[PDB]
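# Per-entry structural report
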Amino acid sequence: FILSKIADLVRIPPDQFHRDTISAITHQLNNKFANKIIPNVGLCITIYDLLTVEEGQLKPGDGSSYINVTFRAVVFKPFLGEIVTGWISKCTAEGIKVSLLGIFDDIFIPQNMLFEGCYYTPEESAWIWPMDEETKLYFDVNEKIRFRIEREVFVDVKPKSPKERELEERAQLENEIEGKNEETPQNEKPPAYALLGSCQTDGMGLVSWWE
Amino acid sequence: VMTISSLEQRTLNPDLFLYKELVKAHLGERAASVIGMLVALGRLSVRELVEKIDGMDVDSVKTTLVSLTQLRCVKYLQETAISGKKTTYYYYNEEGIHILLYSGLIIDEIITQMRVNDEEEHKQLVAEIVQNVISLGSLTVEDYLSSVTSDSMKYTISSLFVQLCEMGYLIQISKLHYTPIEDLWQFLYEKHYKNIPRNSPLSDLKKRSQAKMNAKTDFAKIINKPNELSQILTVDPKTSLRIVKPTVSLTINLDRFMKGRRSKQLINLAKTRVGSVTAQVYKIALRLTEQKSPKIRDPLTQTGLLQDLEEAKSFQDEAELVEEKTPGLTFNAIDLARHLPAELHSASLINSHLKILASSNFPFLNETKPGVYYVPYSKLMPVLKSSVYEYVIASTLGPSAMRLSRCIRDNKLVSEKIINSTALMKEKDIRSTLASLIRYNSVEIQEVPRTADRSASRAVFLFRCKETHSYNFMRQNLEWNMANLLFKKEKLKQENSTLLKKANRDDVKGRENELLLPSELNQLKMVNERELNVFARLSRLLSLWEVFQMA
Amino acid sequence: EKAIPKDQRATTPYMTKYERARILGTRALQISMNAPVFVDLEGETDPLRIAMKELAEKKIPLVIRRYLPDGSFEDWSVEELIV
Amino acid sequence: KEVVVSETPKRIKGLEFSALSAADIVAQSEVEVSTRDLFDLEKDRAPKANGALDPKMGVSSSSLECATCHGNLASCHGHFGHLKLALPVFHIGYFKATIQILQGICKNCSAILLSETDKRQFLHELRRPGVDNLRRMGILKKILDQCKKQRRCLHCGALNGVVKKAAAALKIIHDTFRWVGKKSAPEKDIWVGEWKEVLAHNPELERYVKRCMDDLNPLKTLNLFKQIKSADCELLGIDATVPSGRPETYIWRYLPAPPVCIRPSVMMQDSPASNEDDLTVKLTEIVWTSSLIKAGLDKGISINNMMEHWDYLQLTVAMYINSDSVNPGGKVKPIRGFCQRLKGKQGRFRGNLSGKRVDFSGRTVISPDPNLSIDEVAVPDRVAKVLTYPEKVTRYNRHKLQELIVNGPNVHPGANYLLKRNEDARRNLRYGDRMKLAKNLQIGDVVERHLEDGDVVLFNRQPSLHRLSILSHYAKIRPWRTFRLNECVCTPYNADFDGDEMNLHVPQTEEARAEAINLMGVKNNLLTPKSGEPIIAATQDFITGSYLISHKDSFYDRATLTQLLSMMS
Amino acid sequence: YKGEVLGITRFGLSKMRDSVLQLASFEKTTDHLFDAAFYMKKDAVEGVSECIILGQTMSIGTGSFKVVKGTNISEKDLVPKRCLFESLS
Amino acid sequence: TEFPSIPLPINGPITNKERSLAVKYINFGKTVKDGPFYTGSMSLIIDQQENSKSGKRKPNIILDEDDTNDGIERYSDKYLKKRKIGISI
Amino acid sequence: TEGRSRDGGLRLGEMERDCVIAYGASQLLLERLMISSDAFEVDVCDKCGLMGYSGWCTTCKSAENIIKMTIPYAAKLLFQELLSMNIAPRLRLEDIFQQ
Amino acid sequence: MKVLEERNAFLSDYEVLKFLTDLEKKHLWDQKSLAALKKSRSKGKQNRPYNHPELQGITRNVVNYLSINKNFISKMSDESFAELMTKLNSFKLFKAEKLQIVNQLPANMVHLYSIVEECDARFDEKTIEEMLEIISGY
DNA sequence: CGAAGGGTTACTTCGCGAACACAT
DNA sequence: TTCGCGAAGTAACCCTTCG
Ligand SMILES: [Mg+2]
Ligand SMILES: [Zn+2]
Ligand SMILES: [Zn+2]
Ligand SMILES: [Zn+2]
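Structural notes, computed from the coordinates.

## Here's the deal with the overall build of chain A
Broken down by element type, chain A carries three helices and nine strands. For 211 residues, the compact-globule estimate of 2.2 N^0.38 gives 17 Å, and chain A exceeds it by more than 25% at 23 Å. Expressed as lengths along the three principal axes of its C-alpha atoms, the size of chain A is roughly 75 × 50 × 25 Å.

Structure below.
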């Protein structure tokens, strides 16, 4: 939850000239920053208000008011150290894969010792906690994980080439009635928000030894 | 799409491809964006410098040139106009950026120059002095000695200051060689016509005989002033020995080491010209005259911009005139320098074994012919090029390349019928190695024809040499290979920079003690293996590039 | 570079025929893209004839930006350009 | 996921001219040409694979999808291809300007022959703020005259003569023994010393073929243009901060091949296959010569035959552009490439960019009709069935374009096409359902209705001398199929109803339709600009009927007067 | 206005025109394009001959200006910053 | 590709001399990226070196050092281990 | 297409565009020469400006700064003729907005 | 796109809800959720706004995360927030731990040890009980 | 004072255009 | 099978200086 000052030009259609001026700009800014994330700034939610709105001018081929605004937006981006509550739904052979309650489901945490044990599902359990020598509590599903967050970088990805993006038509040919079509969906792109940390409280309401 | 073969910049520049690169190698892009920029359009002031490099304002193009000012990489021209202000008009320095490519071998065989006296402390102490001298552009003595904190070690360093000054490696850096030499003549020429505006019936003889020759005799004296001018050194109550003045700057003098490198090239020639015993006494009789009167390498200080009417015969005559009797020490005698204790069978060394170098000039070239020691370094340079140039083209294009390239030198404008009587090629090996060489220079053909539009083929295309093109073209090709090797080094150090910031900061003695996991430790001995090879190729390529730019 | 204040203006307060035909075109293009009209229409089609009635009634919400040869953007309003 | 994308509709300012470097030709290098290239119509029922034309340089048909742009003749843009050739060759357009570089520099050190004070004296005048193109030509001619009179060099020890052409073929034969003739040169001494050795072996050319100095072939000046400078080539006229301003990119070293969008196929006379372009035949011809000049290094054949092959190379690629050479009586020079398709009266600047053919038009014979208003042209009822205006639907169109869309393409107050809100395609009303399709009718449909009464429409007369040959005035739907209008507006067209036909263009957008009638209509252009006199006025049966009512004796009763005033208005 | 009495034809037009494609349509269309890339001409497009070749709006007549739509912004909605975070919380 | 040949390259850093020159090139390149070497940029810059730049910046040539420029970045090892303020790096 | 019996499409000569400039109507030249006859969208690059395909620079192979716009096809087919000989018409782009 | 500042003044959690409850009229709830098939009302014949499926789905899904601890989103007011902000500035606290305290409320002592780093080596023992009394009272 | 170099004006050769658009 | 001026290309000749 930080507050940016992103500036952007806004086109409003000639259909909606009957509404209020700042109500039509806010409708158009919500078509670009609702779920769409800014590269390496964070994840936007909504528009707070508008600032410094001047005369909207036209081009000779559209007839739309290309108005120019600047604004602040409620963008979710925590700083270098922030305690945040997560929820476990899927645990693979790698580390714990958690998320906020319906926000962004790619906040995965690798091994990062002070855990000492990493299994997939031996007795329908995610990991094993080798405590010494009491309170050997573990976690499987939907439990109050309170991980820290780090590493800040979130992104290095933008390729676009026609000999490989039209090779996706071959993956659509491989998307035929063959059931085990695990060629294209197993290699997805890493998004512009990739976040991880240290540990989660060991485990819910406890000491949380050195962050 | 196969961009591995360096096709990305084949028509780029040969001169920009090295200088901007060498500036980028020590500071970076903000310093390489001015020397690489002042080499692309000439001289330029500071006001007309900002809006073309596409960067920061005058607060950055001034700061990064100060880092080039205290490193001696640019040349400035302090002059005013008739109605304007005082402008700057910066230049670029050729040798002042050759120093960055050249410093390591400078110190590493100044060690071998200073090998004579003792063994252990002298090597380390010269490798501490001169390494800090060249890494700066101009430093004094009292500013260096404020970080020694000793009493006898400071005495040894103060002794080695004058021990390096007596050789010819440390002179007082003045403005008179920190100024551009192409306009220092004109400043000594416009006030010289202002000196004599006498109303008198004088023809154009005034503009060729009086002003030109008096400017010659007032210019050749004033360029020899930084050879030896800071010589008083008579401070008695401080030290009991010759002490260098503290408030006097010092530079590298840039020119005696040129002479030492070219003398090393001459000894490397003489190891193949004469036998194994004659070249040793030739070295000990040649490596003593480099410290007295330096004018051996240089294309002359004045000949750069007045050799246009008739003066080249006067340049050659003045060169061979002052070329003799100025190093005129003992030509063939004994000396207490070194005698190389060996069979150098002759178990007697006075006046009988030291006469073998008298039989070193009558055979194939060493060229000290006429009386005793006259003309030893004038009629080598048009053939010292031609001896090394043939050994490159023969070692590259094949042994039959020097058989064709040397025949045309004997008789220019040669036909193919009479070169078959001179060579021994079967039917078509005359023209096959010619077509394999015609893409290179020194093949350059001239055409005869007297026809309309090549009717009956007219017996055309007899071959010449034009040897003044191919030496410059070989110099361009070698210089491009130099800078391309340095860009291979730059791409190597740019590829893996994530494992370099930790390997030199806190990893010194424990690098083998499991600080890196055995999955990428072989990359640390791979980024140090062929990066060693780049500098080895650089070392063995400086010894071949610097022969094609003689006087 | 910036706009002249409305206290002093250099050009004519009149309406040149080149900004009468441009404002008739960029208003009729907005009626075709469903802009609300400001005049009582008598059930007519052809937005060339609607924007002509807008110019006849002087109820058009546009602003003409004149350009100087050096550029100072001289904002003139349409409701006070006499024609 | 789904990161923020935002695009600005930018303009197009400036057009920076340069030349393609050899590294930039091999950047746009989707194919690699000059291996065999006699393969473009091969044995297996003629596909193509790495020849003069490829399926990686586009599509020349409707089938046979391209391997880079997966499309066809209406989808593919075009792709270039480099053609590496040994023994480089002069550019035929960069052949007069090749001298102006090469005459102003030396020929041994290859430095510019110019004093260091005159360099600053020329750069102070050339780099002035506010230099016209005429001023730049004047300064670049002033430096050109000074570098033609200095007979020696500056820092090489070399003499320089005048540099000219060979006789008018594509050779540079110059001299250097022209300026000093008696105390000539040491170069004169070594020239006559290396000439006496020659004449003891071939005394055939002792006095006739003696006065001929040297050639300056592209194989040598490519190695001499590389030598020149880095900082003093801006005095020669070329900018030296973009890495394509070096003077060795003005010689052909790499050769770009055009796409197949440049070279189409050939129609009927199908006794051969789809016939090749002249550019195809010329491009597949220099591949054979470039492979013949390259394979002859390690093969044999002598220096005169290799020189004849290289002369055929330098004459064949110089006829690939502008065709300014004889053919060693086939056709009208038999070759067109890249300038003959750009020379005027059939070219691009003359016949495809300035003057081009435009749809939504039509021409028919004119005929007189005084009963129109003067701002009304009357088009027939069949031109209006095939002249169609895009009238998109918004709240005033909706009750009118719904009764009109059920009316049909055949009945005149109707429509032909209908573009939907999503713009998938354009539906025909001739084949569609046109009742269920007529009912929904969303508020962004671009249904295109026929031309009716009251529409702004241009009207042109083809010998357009002045600005009143093209006028626009309202339409009217009429019987028998001819254009017909008034006779007062007949003098600026210079029409006389002789059988002369005139063409008629319609506007399609609102922005141009609302200005075609406002400042270009008839009622505003009643004058002429050249004098200020009314140009549309009386005609032949206009003042001879106006004169016979007024000859002092035409006396009218009540009953004649009311009939005159009724037929008048 | 150029300075000398000059013509209108193919050498009298090249006195002022830095526009290349205007000169490459009048006469000698071949020689004007080869000479411009040799001299590295910038050719900022502003003439009406080079404006309909690249297909955009002219700077004469109708396109000598642009029209700007009003916004009707009051000085109480946007000029006071309606910020509920007046203190750093 | 295209296979020409160079005579010199192979089998030549096994000796100590070329390795000595190479390691000294590494040492010179490593030291030269430090600017002034702890005693410099103070003495000879006023002494007839670019008077228009040694007069306009008489205390402002001290921007390059290893006593303060390598000093300021070494203070921050202790201000972060005891105090934490949220500021971007 | 040209003439009769293939299909129609009539021609606006060079001596006709002289007349419409004298009226001063600039928005009729965009229609009667670009919109109606030949309008073709194209992918141009921002830096070292050339024309690409499908969002691909093909020379500065990054596909990052490609901003598409519409152009006459006779202007595009001119540029593929100019690049085919030697010369490189490079197009620079500025904003129609931000004044 | 030109980003002026990546942060202007990074914000707390409670006034996000106060900005959302004025934005809930834009994204109406079950008090008017029965108007999906009701009669004409609100002068539109449906009483409904536009969809925004990429914004209606998240404006409900954010506040579901803000009710995790104090179920069985805080129930304080603006003047209560001002009183708990005024008394919190009396201690020498960093801004990051101020934001982590005002984000989620610690009930026990060890969450205050997890938020406030090196509390034993920087603070006194009397401050911790006062902070627990101020925070855990509401 | 006679001869040699630099430079102005004068005689002779090439190429680029020759209008719009329809049916062949 | 044609007129229009503007590019090079080449010769007759006059000024200026050298020993
Ligand atoms: Mg007629
Ligand atoms: Zn394609
Ligand atoms: Zn030269
Ligand atoms: Zn590009």
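Read on, since the account is not over.
## Describing the interface of chain G and chain D
Taken residue by residue, the interface counts 60 residues in chain G and 78 residues in chain D. Interface of chain G and chain D: buried area, both sides summed, is about 6,600 Å²; carbon and sulfur atoms make up 58% of it. At the boundary of chain G and chain D, one finds six salt bridges. When the shortest N-O distance is used, the salt bridge between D24 of chain D and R90 of chain G registers 2.8 Å. Here chain G is connected to chain D by 27 residue pairs in polar contact. Only β1 (10–12), α1 (14–23), α2 (27–35), β2 (40–45), β4 (66–71), α3 (73–85) and β5 (90–92) of chain G provide two or more residues apiece to the side of chain G that touches chain D. With twelve residues, the single largest contributor to the side of chain G that touches chain D is α3 of chain G.

## Notes on the side chain of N503 of chain D
The residue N503 of chain D is located in strand β18 (residues 501–503) in this model. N503 of chain D gets classed as buried once you look at its relative accessible area, which sits at 2%. Setting aside residues no more than four positions away along its own chain, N503 of chain D makes contact with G362, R363, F459, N460, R461 and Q462 of chain D together with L10 and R11 of chain G.

## With respect to the sheet that holds β2 of chain G
Residue and element names in this part refer to chain G. Spatial ordering of the open sheet is given by β3-β2-β4, a layout of three strands whose pairing is antiparallel. One side of each edge strand has no neighbouring strand; the edge strands of this open sheet are β3 (51–52) and β4. Pairing of β2 with β4 involves six bridges; the strand directions are antiparallel. Across the sheet, residue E41 finds its bridge partner in β4, namely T70.

## Brief notes about the protein's contact with DNA strand J
Every residue close to DNA strand J is listed here: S203, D204 and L205 of chain B, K164 of chain D together with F11 of chain E. Taking the atoms of DNA strand J that fall within 4 Å of the protein, sugar and phosphate contribute 100% of them. Residue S203 of chain B places a side-chain N or O atom 3.3 Å away from a phosphate oxygen belonging to DNA strand J. Each residue belonging to the surface near DNA strand J can be placed in one class, and the counts come to two nonpolar, one polar and two charged.

## As for the arrangement of the chains
When the 16 pairs of chains in contact are ranked by number of contacts, first place goes to chains D and G. The two units chain A and chain F never meet; even their closest C-alpha atoms stay 8 Å apart.

## Section: the interface of chain E and chain H
Taken together, the contacts link five residues of chain E with ten residues of chain H. Regarding the contact of chain E and chain H, the summed buried area is about 730 Å², with carbon and sulfur atoms giving 70% of it. Counting every contact that joins chain E to chain H gives one residue pair in polar contact. Of the residues contributing to the side of chain E that touches chain H, the split by class is three nonpolar, two polar and no charged.

Calculation criteria
Residues numbered from 1 in each chain as written, not as in the entry; some residues may be left out. Chains lettered and ligands numbered in written order. Part of a larger assembly, values for the part shown. Heavy atoms only, no water. Residues with missing side-chain atoms left out of burial classes, pairs and counts. Helix = DSSP H or I, 4+ residues; strand = E, 2+ residues; numbered from the N terminus. Rg over C-alpha atoms; globule rule 2.2 N^0.38 Å. Contact = heavy atoms within 4.5 Å. Buried area = accessible area lost by both parts, 1.4 Å probe. Salt bridge = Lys/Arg side-chain N within 4 Å of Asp/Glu carboxyl O. Polar contact = N/O pair within 3.5 Å; in protein donor to acceptor, adjacent residues only side chain to side chain. Buried < 20%, exposed > 50% of the residue type's maximum accessible area, 1.4 Å probe, protein only. Pairing = 2+ DSSP bridges. Near = heavy atom within 4 Å. Nonpolar A, V, L, I, M, F, W, Y, C, P; charged D, E, K, R; others polar.

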